[PDB]
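The structure under discussion appears below in the form of C-alpha cells.
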2 protein chains.
Amino acid sequence: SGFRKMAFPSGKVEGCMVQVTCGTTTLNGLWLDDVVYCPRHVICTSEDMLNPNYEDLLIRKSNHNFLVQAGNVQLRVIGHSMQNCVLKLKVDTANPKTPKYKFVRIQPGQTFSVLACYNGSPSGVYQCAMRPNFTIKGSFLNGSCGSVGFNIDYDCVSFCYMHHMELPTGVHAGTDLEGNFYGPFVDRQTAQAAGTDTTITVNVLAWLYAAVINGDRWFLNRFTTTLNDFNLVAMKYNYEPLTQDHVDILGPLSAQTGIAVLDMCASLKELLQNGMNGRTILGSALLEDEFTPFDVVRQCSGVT
Amino acid sequence: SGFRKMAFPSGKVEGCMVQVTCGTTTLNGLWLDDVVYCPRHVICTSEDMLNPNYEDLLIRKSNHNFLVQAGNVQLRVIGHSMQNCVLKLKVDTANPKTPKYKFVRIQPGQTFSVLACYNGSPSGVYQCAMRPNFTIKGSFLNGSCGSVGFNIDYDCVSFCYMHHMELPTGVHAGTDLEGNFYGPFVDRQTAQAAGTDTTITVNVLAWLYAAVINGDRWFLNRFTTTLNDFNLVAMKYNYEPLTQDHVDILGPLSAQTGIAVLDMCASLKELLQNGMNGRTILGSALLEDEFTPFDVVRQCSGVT
Ligand SMILES: O=C(Cc1cccc(Cl)c1)Nc1cnccc1C1CC1
Ligand SMILES: O=C(Cc1cccc(Cl)c1)Nc1cnccc1C1CC1
C-alpha cells in the first residue's frame, strides 16, 4: 500500500547524457548510438535569441565547433544536421551504454519521467505530465536545456520529450526527439501564449481509483451519473470532457474495485461541486491529474 | 523556475540491486563490494513471522540456501551473518558497478530517495522523508523488502534506509544499513504503534522560501513573530518546535529572499490559523514538509 508520484528508474538515461558546447553556450545532449541530440539553440548567443535564423546561424558552424563531452571524455564530431528544432551531431563512437530505445510523441494527458541535467550531469528525476495545453510543469533552470522525458517498457526507453524553453509564466516547453515542439511554441525569446489548461479528467478518476485501493474511501457516495451529466460538470470546472475511450481505459480499475466508472464520476462531480471540506485524498488536498490509469495499475501491481 | 518532489538519479543504486531467495521467500538485496545486504526475514516462512527466533532460524540455513541473482547471473555465497535485522551474504565476486558509498543513519525530518524494487529489479524512484515518528510514507508492495533509500553527494551514495515492513496503518518501517530499525519497530507480524507524527516545521518553512523564489508570494504578510510565540502555534497544530538550529539552517534561504526567518514563521502561523482559503502554494493545497532547506537550495541552484 501507499501511493507516490513515482518516476521510472533513471539509469538507462543517465548513461546517455552528455554535455554539448558551441560558441559560448552549453546545454545537455542525448547520446544514443553514434548520434548526439540536443536543442538547436545551442548555436545561438543572447543577441540572436530574439529572432534567430537557425539555418543561417548553423551555416557559420563546422563539426569542430560542437564540443561534445561524455563524462570527462571528448567525443569527435563527424557530422551535424538540423531536424526541426534539434541538432543531430554524428559522433565517431557509438554510446556503449545505449539502451533499447524508441522515439515517441506522447499525447496530452500522458505522463513521463524527466531526468533534469546540467552540463551533461544528472541532478534529479521527477514524474510529470504533458498538460492538455502542451506545456509541462517541470523544475528547470538555465543549463537544463536538452534534459529529456521518457517512459520504460521492461528494457526499452521511449524518449518522448526534450526540454527547450521556459515560458515567462514559469511553465516549460519542449520538443519530441525529432525536434517538433509540443504545442504552438517556437524556440525564440518572445512572449508566447501557453493557452488555457484543463484538468485531465481520466487521470483524476484513475487517482480516485488508486485512493480506493489504498484505503481512502471517504469520497465514495450513494450516487451515479451519466457521461452527458458528468460532462456538464467537467465543462464548468475546466476539466477535459470524458469519453467512452476514457471509460474503457478505466475498466481494469473499475473491475478491481467493483466501483462502476460512472459511479466514480459521481464521486468526482460531488468533489468538484463541494470541494474536499478540509479533508485529504492520498495525502493531497487537491484533485491530482498526473497519474494515468496505466500509472495507477503499474504502481498498484509493482511492474518492473 | 518550477518546484518538484525531485528524487536523486537512481542509476548508481540500480547497479547494486539483486534478488535474494531463501526457502520459499524472495526479496531484494543490495550488492556493494563482495557483500549482499537484505532484510533478515528472508529466512522466514509465514508461520514463524508471528514470533520468529532469527538466531534459531538462521542456524538451519547454510550459504548454499541463499540464492543471490544479479540480473540473470547467479552469485556464489561464501559467507552469511546476521547484523541486527539484516543479513550480510558474502559473495565471491565484488560488484563491478559498486559506486563510492557510505552507510548513514539519517535524522527524523531528513529526506531521501527510494528505489522501489521487486525480484531484484527496479520499478520506480520517489522522494520521501523520515517522519518524526520514524516511519516513511512510501509506496511498497509485497516483494519490495530490501528496497533502499539513499542520498547522493557528487559521486558518493549514502545509503540510509532498507525497507522491511508494512504497518497495519499502511505506513512503512525499515532499518539503516546496519540492520537497526528506525523507530521502535521489530521485524514481527504483530500490530505495532507508529506513534504520533508531527509536521517538520523547518521543512515547511524551507518550502515556503522555495515558493517565494518561484513566484508564489500571496501568503507573505506584514507581520513578524518570535520563536516562543511561533512555538505556541506549532504546538497547537502538531508541528515540531522550531529552534535556533532550524533558523540557522534557514539562513541561506533567508539571505536569498531578504525575508527574515521569523517573518516567514509569521506567514506560517497565519497559514496554520487561517488555512489556504482555497488557494495553492507550488501546486499544493496543503503545507508540504518533505523538502529540507538543503533540498530547496539544491533544487533552486541545480546541484549535480
Ligand atoms: O528558456 C531558456 C532559454 C531559451 C530562450 C528562448 C528560447 C529557447 Cl528555445 C530557449 N532556457 C531555460 C529553460 N528552462 C528553464 C530555465 C531556462 C532559462 C531562462 C532561465
Ligand atoms: O510487511 C511485509 C512483510 C513483513 C511482515 C512482518 C514483519 C516484517 Cl519485517 C515483514 N512486507 C511488505 C512491505 N511493504 C509493503 C507490503 C508488504 C507486504 C504486506 C504486503
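Cβ sites come from the backbone with ideal geometry, for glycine too, and all protein chains shown count toward neighbours. None of the figures in this text is laboratory data; all of them are computed from the coordinates on show.
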Dipole of region A:198-301, Cα-centred, from +1 at each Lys and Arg C-beta and -1 at each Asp and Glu C-beta, to the nearest 20 debye? 320
Connecting C-alpha atoms closer than 10 Å in a GNM of chain A, tell me which of A:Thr201, A:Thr169, A:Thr98 has the biggest fluctuation. A:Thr169
Which of rounded, prolate, oblate describes the protein assembly as shown, given a ≥ b ≥ c as roots of the alpha-carbon gyration tensor eigenvalues and a/c under 1.5 marking rounded, otherwise prolate only if a/b is larger than b/c? rounded
Ignore the peptide's own chain and count Cβ atoms of other chains within 10 Å of each Cβ in A:115-125; give me the average, rounded. 6
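Could you sort out which of A:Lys12/B:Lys97; A:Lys137/B:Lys12; B:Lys61/B:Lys88 sit more than 18 Å apart by Cα distance in this structure?
Pairs exceeding the cut-off: A:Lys137/B:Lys12.
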In chain B, how does Rg compare with the Kirkwood Rh, expressed as the Rg/Rh ratio over alpha carbon atoms? 1.04
About the Cα centre of the protein assembly as shown, how large is the charge dipole given +1 on each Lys and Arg Cβ and -1 on each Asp and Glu Cβ? Please answer in debye to the nearest 20. 360
GNM of chain B, Cα pairs under 10 angstrom: of B:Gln19, B:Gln69, B:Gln256, the biggest fluctuation goes to B:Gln256
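Exactly which GluC sites (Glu not before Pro) in region B:1-60 are in a DSSP loop and have at most 13 other Cβ atoms within 10 Å?
Sites meeting the loop and neighbour criteria: B:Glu47.
With helices defined as uninterrupted DSSP H runs, which ones in chain B have an alpha carbon span along their own long axis of at least 15 Å and mean Kyte-Doolittle hydropathy of at least -1.0? Don't skip to the end; give the middle numbers.
On the way: long enough: B:201-213 (18 Å, 1.82); B:261-274 (20 Å, 0.49).
Span-like helices, by this rule, are B:201-213, B:261-274.
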Under a point-charge model restricted to the Cβ atoms of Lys and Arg (+1) and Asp and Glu (-1), what is the dipole moment magnitude of chain B relative to its Cα centre, in debye to the nearest 20? 400
Name the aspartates and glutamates eligible as straight-distance cross-link partners of A:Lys236: C-alpha to C-alpha under 20 Å, and not fewer than 8 places from it in the same chain. A:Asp197, A:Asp263, A:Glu270, A:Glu288, A:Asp289
List, shortest first and in nm to one decimal, how far the label point of B:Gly251 (7 Å from Cα along Cα→Cβ) is from its counterparts in the other copies. 6.2
Comparing B:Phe112, B:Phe230, B:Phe185 in a Gaussian network model of chain B (Cα, 10 Å), the one with the largest mean-square fluctuation is B:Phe230
Quick one: check the C-alpha center-to-center distance for region B:218-257 versus region A:205-282, whole angstrom. 39
Fewest-first sequence of A:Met130, B:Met49 by Cβ atoms within 10 Å of each Cβ: B:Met49, A:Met130
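Averaged over B:8-20, how many beta carbons belonging to a partner chain fall within 10 Å of each residue's beta carbon? Don't skip to the answer; put the middle values down first.
Values: counts 5, 15, 9, 11, 2, 2, 5, 1, 0, 2, 0, 0, 0.
Shielding by partners across B:8-20 averages 4.
What order do you get for B:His172, A:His41, A:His246 when you list them from fewest to most C-beta neighbours inside 10 Å?
Lowest count first: A:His246, A:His41, B:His172.
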Determine, for A:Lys236, B:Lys88, B:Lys61, the number of other Cβ atoms within 10 Å of each Cβ, and report the residues in order from fewest to most. A:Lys236, B:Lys61, B:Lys88
Dipole-positive endmost among B:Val204, B:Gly251, B:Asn221 within region B:198-301 (Cβ charges, Cα centre): B:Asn221
